[PDB]
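Peer 1: okay, structure incoming, though there's no sequence with it:
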Ligand SMILES: Nc1nc2c(ncn2[C@@H]2O[C@H](COP(=O)(O)OP(=O)(O)O)[C@@H](O)[C@H]2O)c(=O)[nH]1
């Protein structure tokens, strides 16, 4: 109808971070309540492919093919909510997450915390089994988000252990890609949610370097008390992964088809209308005011995030 295709919301393509006045203009005109889904993860891990499946439209995001490996940004695509009439689904696709283990450039990395704080549901996307690097990566953006939260008006006086925090801050979904691991414990099979809870399991009482072990896991667990995990096989034999989008659905792996259907159905039925601290529903212009408020507080701010 009137909602256009993906556009930059904020990126650093040409020098420094710039907010796209055209993206605010689009948000300003979205009078309907919005459901906001943000996705964060390393370059070319299939983030855009998955967000395009949520939108159910052609000509969606292609960040892995058109953004350079060093750019950071948030890209926005608003569509009618595929399952909730008179609701708009706001898709926030991001790029430029750095690998902390390799000392990747962290300048402007606060925009990934921004994407999380704008979201109804935050999707963290990584390849393979849950390993130390993926955990450390998640821990970094969680600490950054908590820092920005603790120090800005939208998040002020909303302690992580309260019920307001649990209810009105973003739900969390970890998507694991090219995942071939057997979801088994002692011959007995376990779910992907089970796998995630196991990876976040706390050492019970253990203390010398056991309560050091719990610290990053407790940070994640308490910042994201609403958690879900989805696993995705290779989409298709590697031969064909160059341009997955061009493949016909019947040429995908059948388990991948089911795994994408499951993810999409969960997100589109379970992600709530974005809400402020306190429960106030958020619509287009209200989201735009959140963007402005955060960007100004972080720009004008004194301390590092
Ligand atoms: N191996 C693998 N490749 C994928 C998957 N999804 C997409 N790709 C390919 O990975 C590349 C980058 O995709 P894109 O979605 O743009 O990645 P983004 O950077 O994370 O957004 C493309 O060539 C895709 O065809 C996946 O699940 N597994």
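Peer 2: Ah, there it is. Numbering: from 1, shown residues only.
Peer 1: what residue in the stretch 51-200 of the chain comes nearest to the ligand?
Peer 2: residue 64 (2.2 Å; CB to the nearest ligand atom). For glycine as for every other residue, the C-beta is placed from the backbone atoms N, C-alpha and C.
Peer 1: which of the three states applies to residue 172?
Peer 2: strand (DSSP: H, G, I helix; E, B strand; the rest coil).
Peer 1: am I right that it is in contact with residue 224?
Peer 2: Yes: under the criterion of CB atoms under 8 Å, residue 172 makes contact with residue 224 at 3.6 Å.
Peer 1: joint contacts of the two?
Peer 2: residue 122 (CB atoms under 8 Å, 6 or more residues apart in numbering).
Peer 1: how close does residue 211 get to residue 86?
Peer 2: Separation of residue 211 from residue 86 (CB to CB, to the nearest Å): 49 Å.
Peer 1: between those two, which one's more packed in?
Peer 2: residue 211 (13 against 9; other CB atoms under 10 Å).
Peer 1: element containing the more buried one?
Peer 2: Residue 211 belongs to no helix or strand when assigned by DSSP states H and E.
Peer 1: what's the spacing between it and the ligand?
Peer 2: For residue 211, the distance to the ligand equals 35 Å [CB to the nearest ligand atom, to the nearest Å].
Peer 1: how about the helices in the stretch 1-150 of the chain?
Peer 2: 21-28, 47-55, 63-66, 110-118, 132-150 (DSSP state H, counting those that start in this stretch).
Peer 1: okay, those in JSON lines with mean neighbour count next?
Peer 2: Compiled in JSON lines, the helices of the stretch 1-150 of the chain are given as follows (neighbours: other CB atoms under 10 Å):
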{"stretch": "helix 21-28", "mean neighbour count": "16"}
{"stretch": "helix 47-55", "mean neighbour count": "22"}
{"stretch": "helix 63-66", "mean neighbour count": "15"}
{"stretch": "helix 110-118", "mean neighbour count": "24"}
{"stretch": "helix 132-150", "mean neighbour count": "18"}
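Peer 1: adding distance to residue 265, write the ones you listed out as a markdown table.
Peer 2: Output for the helices of the stretch 1-150 of the chain, formatted as a markdown table (distance: least, CB to CB, whole Å):
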| stretch | distance to residue 265 |
| --- | --- |
| helix 21-28 | 27 |
| helix 47-55 | 10 |
| helix 63-66 | 24 |
| helix 110-118 | 23 |
| helix 132-150 | 24 |
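Peer 1: look at the residue of the chain most remote from its centre and tell me its secondary structure.
Peer 2: In the chain, counting by CA atoms, centre = their mean, residue 208 sits farthest out from the average C-alpha position, at 33.7 Å. Classification of residue 208 using three-state DSSP returns coil.
Peer 1: quick one: contacts for whatever residue of the stretch 101-250 of the chain ends up closest to the ligand?
Peer 2: When scored by CB to the nearest ligand atom, the stretch 101-250 of the chain has residue 244 as its residue closest to the ligand, at 3.5 Å. The contact partners of residue 244, by CB under 8 Å, 6+ apart, come to 46, 49, 235-236.
Peer 1: ChimeraX command to pick out the buried ones of those residues?
Peer 2: Filtering those down to the buried ones (16 or more other CB atoms under 10 Å) takes a single ChimeraX command:
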select :46,49,235
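Peer 1: now, the contacts of residue 244 that are in strands?
Peer 2: The strands, defined by DSSP state E, take in nothing from the contacts of residue 244.
Peer 1: who in the stretch 151-300 of the chain is up against the ligand?
Peer 2: 177-178, 232, 235, 241-244 (CB under 6 Å from any ligand atom).
Peer 1: so can I have CSV of those showing secondary structure?
Peer 2: Formatted as CSV, these follow (three-state DSSP):
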residue, secondary structure
177, strand
178, coil
232, coil
235, coil
241, helix
242, helix
243, helix
244, helix
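Peer 1: tell me the one of these nearest residue 193?
Peer 2: For these, the residue nearest residue 193 by CB to CB is residue 232; the value is 14.6 Å.
Peer 1: residue contacts, the closest one?
Peer 2: 46, 175-179, 256, 259-260, 263.
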